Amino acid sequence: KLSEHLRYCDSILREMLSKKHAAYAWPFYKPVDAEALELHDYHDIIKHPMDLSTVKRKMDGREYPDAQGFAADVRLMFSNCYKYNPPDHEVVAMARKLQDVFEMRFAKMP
């Protein structure tokens, strides 16, 4: 039931979740665990959390109207990370690496 574009988006998502990128993608696999990380202000600063497991369930649920909504969620995920953390944080470097993977594959969508 997926468009040609969202089928391509689903393949981007599968790649971002693959062991190939695990070294920098793993903090985004699941929702940020503010409880385990003791980040008592995380849900005050980040009003709309996002992560790859959430993007996957929405894609599998056929909840994205077009490829543009898929991209908006992925970039929200990266944006929340840049918003919450100091620019020198290692998770910010990991987000930028994974975002480089995303933007490159997304731009090359036929």
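Start at 1 and count along the sequence shown; that's the residue number. Only the largest set of C-alpha atoms that superpose within 1.5 Å between the two forms is called the rigid core.
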| query | Between 55 to 63 and 35 to 43, where do the CA atoms move more in 6 other deposited structures of this protein, taking the root mean square over the structures and residues after a core fit? | reply | 35 to 43
| task | Please work out which of 64 to 72 and 23 to 31 has the higher mean CA B-factor as recorded in the PDB entry. | result | 64 to 72
| remark: Higher avg CA temperature factor (1 to 9 vs 99 to 107, as deposited) belongs to 1 to 9
| task | Consider only the C-alpha atoms of the modelled residues in this chain, order them by B-factor as the entry records it, and name the third containing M77: lowest, middle or highest. | result | lowest
| Considering only modelled residues of the same chain, in which third does the CA B-factor of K83 rank: lowest, middle or highest? | lowest
